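Below is one structure, written out as structure tokens; the observations come after it.
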Amino acid sequence: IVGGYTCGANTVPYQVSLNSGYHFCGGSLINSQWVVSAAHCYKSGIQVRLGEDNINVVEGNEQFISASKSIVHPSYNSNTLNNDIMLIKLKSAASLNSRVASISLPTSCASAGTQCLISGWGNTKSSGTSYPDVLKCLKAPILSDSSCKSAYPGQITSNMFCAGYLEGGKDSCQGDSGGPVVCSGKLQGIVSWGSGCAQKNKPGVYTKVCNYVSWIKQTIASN
Ligand SMILES: [Ca+2]
């Protein structure tokens, strides 16, 4: 996250870290056994880390659970990043408390102008490299379809949205991928892509979760 603030320990209780010997992507806990992330985060041998704040120190609220199964969206296109969403089932159910909770799936799609919370352990610099050990947060508006498609001509599909600041300075970045965009207490987005970070007229691009709810429910019911 560039240009954000330090969330505070366990203030984003649904935030997951995906670990394969190291933190590589974020995710969201959507129930005691299921995590939603970005399909471009697909790896073998994922361990899901819950209850994290400092990812380099054991602070006492962690739950480390391996993935049993990973399901990439049937129509994921890695060249276009269209349908950039993945489901991860835990080997065991997480113990849900105030510090480790699930986030609700949306009933409706959020509109342009809605303020959302984006969080993760990604790079905090727009030029150069600096990775935080603690969770970073950013409040950002959902931009209009028009402004989005005009920033990224020919690249935005129905399954995407832009959020952030056309002025730049504040964005998601490398390492934030797969993490939540939560608006009015519901999971609306997944940190998907962008052209660099926090650059002028190049906002973050997010997977539009409201388009996938039916797929999510069906999959979870049968797996
Ligand atoms: Ca920790």
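Residue numbering restarts at 1 for every chain of the structure tokens, chains are lettered A, B, ... in their displayed order, and ligands are numbered from 1 as they appear.
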I want to know what sits within 7 Å of stretch 15-20 of chain A, based on only C-alpha atoms, with residues of the same chain fewer than 4 positions away left out; could you give that as a list in words?
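These residues fall inside the cut-off: residues 24, 25, 26, 27, 28, 29, 45, 46, 47, 48, 49 and 50 of chain A.
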Give the residue list for ligand 1 at 10 Å, counting only C-alpha atoms and all ligand atoms, as a PyMOL selection string, sorted by chain and then by residue number.
chain A and resi 9+49-63+133-134
Write a file of the selected residues as a PDB file, in the first residue's frame, keeping C-alpha atoms.
```pdb
ATOM      1  CA  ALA A   9      -3.239  -4.955  15.035  1.00  0.00           C
ATOM      2  CA  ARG A  49      -2.073 -17.141   7.857  1.00  0.00           C
ATOM      3  CA  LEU A  50      -4.896 -15.643   9.903  1.00  0.00           C
ATOM      4  CA  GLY A  51      -4.846 -13.164  12.766  1.00  0.00           C
ATOM      5  CA  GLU A  52      -1.650 -11.527  11.494  1.00  0.00           C
ATOM      6  CA  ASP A  53      -0.355  -8.040  12.070  1.00  0.00           C
ATOM      7  CA  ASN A  54       3.422  -8.274  12.041  1.00  0.00           C
ATOM      8  CA  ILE A  55       4.102 -11.074   9.543  1.00  0.00           C
ATOM      9  CA  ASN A  56       7.670 -11.493  10.830  1.00  0.00           C
ATOM     10  CA  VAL A  57       6.798 -11.895  14.528  1.00  0.00           C
ATOM     11  CA  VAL A  58       4.537 -14.280  16.414  1.00  0.00           C
ATOM     12  CA  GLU A  59       2.350 -11.910  18.392  1.00  0.00           C
ATOM     13  CA  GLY A  60      -0.208 -14.307  19.756  1.00  0.00           C
ATOM     14  CA  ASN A  61      -3.359 -14.080  17.649  1.00  0.00           C
ATOM     15  CA  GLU A  62      -2.183 -16.129  14.639  1.00  0.00           C
ATOM     16  CA  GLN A  63      -3.762 -19.213  13.104  1.00  0.00           C
ATOM     17  CA  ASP A 133       6.093  -5.880   8.350  1.00  0.00           C
ATOM     18  CA  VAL A 134       2.694  -4.626   9.631  1.00  0.00           C
TER      19      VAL A 134
END
```
Which one is closest to residue A:90: A:165, A:64, A:121, A:131? Count only C-alpha atoms.
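Among A:165, A:64, A:121, A:131, it is A:64 that comes nearest to residue A:90.
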Counting only C-alpha atoms, which residue out of A:194, A:168, A:4, A:122 sits closest to residue A:155?
A:194
Output as a VMD selection string all residues of stretch 22-120 of chain A that backbone DSSP marks as strand (DSSP E).
chain A and resid 23 to 31 34 to 37 47 to 50 63 to 72 86 to 90 115 to 120
Using the selection just defined, write its residues with N, CA and C atoms as a JSON list (two decimals), in the first residue's frame.
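As written to disk, out-v9.json reads:
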```json
[["chain", "number", "residue", "atom", "x", "y", "z"],
["A", 23, "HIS", "N", 5.47, -14.37, 2.61],
["A", 23, "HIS", "CA", 4.24, -13.69, 2.21],
["A", 23, "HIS", "C", 4.30, -13.36, 0.71],
["A", 24, "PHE", "N", 3.34, -13.84, -0.04],
["A", 24, "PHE", "CA", 3.31, -13.53, -1.47],
["A", 24, "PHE", "C", 2.06, -12.80, -1.95],
["A", 25, "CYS", "N", 0.96, -13.01, -1.25],
["A", 25, "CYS", "CA", -0.32, -12.38, -1.60],
["A", 25, "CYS", "C", -1.22, -12.24, -0.37],
["A", 26, "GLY", "N", -2.23, -11.40, -0.51],
["A", 26, "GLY", "CA", -3.28, -11.28, 0.51],
["A", 26, "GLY", "C", -4.45, -12.18, 0.17],
["A", 27, "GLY", "N", -5.49, -12.10, 0.99],
["A", 27, "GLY", "CA", -6.76, -12.80, 0.77],
["A", 27, "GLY", "C", -7.80, -12.35, 1.79],
["A", 28, "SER", "N", -9.01, -12.85, 1.63],
["A", 28, "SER", "CA", -10.12, -12.54, 2.54],
["A", 28, "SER", "C", -10.81, -13.79, 3.05],
["A", 29, "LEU", "N", -11.03, -13.83, 4.35],
["A", 29, "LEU", "CA", -11.75, -14.93, 4.98],
["A", 29, "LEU", "C", -13.26, -14.75, 4.84],
["A", 30, "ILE", "N", -13.91, -15.62, 4.10],
["A", 30, "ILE", "CA", -15.35, -15.46, 3.83],
["A", 30, "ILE", "C", -16.24, -16.42, 4.61],
["A", 31, "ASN", "N", -15.60, -17.39, 5.23],
["A", 31, "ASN", "CA", -16.21, -18.22, 6.27],
["A", 31, "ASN", "C", -15.13, -19.04, 6.95],
["A", 34, "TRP", "N", -13.10, -21.08, 4.20],
["A", 34, "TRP", "CA", -12.85, -20.59, 2.84],
["A", 34, "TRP", "C", -12.26, -19.19, 2.76],
["A", 35, "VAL", "N", -11.29, -19.06, 1.88],
["A", 35, "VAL", "CA", -10.59, -17.80, 1.57],
["A", 35, "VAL", "C", -10.75, -17.41, 0.11],
["A", 36, "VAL", "N", -11.02, -16.15, -0.15],
["A", 36, "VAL", "CA", -11.04, -15.65, -1.54],
["A", 36, "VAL", "C", -9.84, -14.75, -1.87],
["A", 37, "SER", "N", -9.18, -15.07, -2.97],
["A", 37, "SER", "CA", -7.99, -14.34, -3.41],
["A", 37, "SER", "C", -8.05, -14.07, -4.92],
["A", 47, "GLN", "N", 0.12, -22.02, 2.59],
["A", 47, "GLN", "CA", -0.34, -21.93, 3.98],
["A", 47, "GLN", "C", -1.05, -20.61, 4.23],
["A", 48, "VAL", "N", -2.27, -20.70, 4.71],
["A", 48, "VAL", "CA", -3.04, -19.49, 5.02],
["A", 48, "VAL", "C", -2.77, -19.00, 6.45],
["A", 49, "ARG", "N", -2.38, -17.74, 6.56],
["A", 49, "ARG", "CA", -2.07, -17.14, 7.86],
["A", 49, "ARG", "C", -3.10, -16.11, 8.30],
["A", 50, "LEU", "N", -3.84, -16.48, 9.33],
["A", 50, "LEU", "CA", -4.90, -15.64, 9.90],
["A", 50, "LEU", "C", -4.41, -14.90, 11.14],
["A", 63, "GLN", "N", -3.38, -17.85, 13.49],
["A", 63, "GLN", "CA", -3.76, -19.21, 13.10],
["A", 63, "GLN", "C", -3.16, -19.58, 11.75],
["A", 64, "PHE", "N", -2.33, -20.61, 11.73],
["A", 64, "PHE", "CA", -1.67, -21.05, 10.49],
["A", 64, "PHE", "C", -2.27, -22.36, 10.00],
["A", 65, "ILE", "N", -2.97, -22.30, 8.90],
["A", 65, "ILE", "CA", -3.70, -23.45, 8.38],
["A", 65, "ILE", "C", -3.37, -23.68, 6.92],
["A", 66, "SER", "N", -2.96, -24.90, 6.57],
["A", 66, "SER", "CA", -2.68, -25.22, 5.15],
["A", 66, "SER", "C", -3.94, -25.30, 4.28],
["A", 67, "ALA", "N", -3.77, -25.02, 3.01],
["A", 67, "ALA", "CA", -4.86, -25.17, 2.04],
["A", 67, "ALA", "C", -5.03, -26.64, 1.65],
["A", 68, "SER", "N", -6.27, -27.08, 1.62],
["A", 68, "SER", "CA", -6.67, -28.43, 1.20],
["A", 68, "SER", "C", -6.83, -28.45, -0.32],
["A", 69, "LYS", "N", -7.41, -27.38, -0.82],
["A", 69, "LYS", "CA", -7.85, -27.29, -2.22],
["A", 69, "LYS", "C", -7.85, -25.84, -2.68],
["A", 70, "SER", "N", -7.44, -25.64, -3.91],
["A", 70, "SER", "CA", -7.53, -24.33, -4.55],
["A", 70, "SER", "C", -8.26, -24.41, -5.88],
["A", 71, "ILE", "N", -9.18, -23.49, -6.08],
["A", 71, "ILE", "CA", -10.02, -23.44, -7.27],
["A", 71, "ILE", "C", -9.94, -22.09, -7.98],
["A", 72, "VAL", "N", -9.28, -22.09, -9.10],
["A", 72, "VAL", "CA", -9.21, -20.89, -9.92],
["A", 72, "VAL", "C", -10.47, -20.80, -10.78],
["A", 86, "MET", "N", -9.96, -16.47, -7.20],
["A", 86, "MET", "CA", -9.64, -17.83, -6.78],
["A", 86, "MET", "C", -10.21, -18.13, -5.39],
["A", 87, "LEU", "N", -10.64, -19.36, -5.18],
["A", 87, "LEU", "CA", -11.13, -19.88, -3.88],
["A", 87, "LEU", "C", -10.13, -20.87, -3.28],
["A", 88, "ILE", "N", -9.88, -20.72, -2.00],
["A", 88, "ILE", "CA", -8.97, -21.60, -1.25],
["A", 88, "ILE", "C", -9.67, -22.20, -0.04],
["A", 89, "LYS", "N", -9.82, -23.51, -0.03],
["A", 89, "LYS", "CA", -10.37, -24.21, 1.15],
["A", 89, "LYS", "C", -9.27, -24.61, 2.14],
["A", 90, "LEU", "N", -9.50, -24.31, 3.40],
["A", 90, "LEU", "CA", -8.61, -24.67, 4.51],
["A", 90, "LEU", "C", -8.74, -26.14, 4.89],
["A", 115, "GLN", "N", -16.84, 5.00, -0.70],
["A", 115, "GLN", "CA", -15.56, 4.91, -0.02],
["A", 115, "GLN", "C", -15.31, 3.50, 0.54],
["A", 116, "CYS", "N", -14.15, 2.96, 0.24],
["A", 116, "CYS", "CA", -13.79, 1.59, 0.60],
["A", 116, "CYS", "C", -12.47, 1.50, 1.35],
["A", 117, "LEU", "N", -12.24, 0.39, 1.98],
["A", 117, "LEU", "CA", -11.00, 0.15, 2.70],
["A", 117, "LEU", "C", -10.21, -0.98, 2.02],
["A", 118, "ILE", "N", -9.01, -0.63, 1.65],
["A", 118, "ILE", "CA", -8.07, -1.53, 1.00],
["A", 118, "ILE", "C", -6.89, -1.77, 1.92],
["A", 119, "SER", "N", -6.47, -3.00, 2.09],
["A", 119, "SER", "CA", -5.39, -3.31, 3.05],
["A", 119, "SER", "C", -4.42, -4.39, 2.56],
["A", 120, "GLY", "N", -3.22, -4.38, 3.07],
["A", 120, "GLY", "CA", -2.22, -5.38, 2.71],
["A", 120, "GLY", "C", -0.82, -5.06, 3.18]]
```
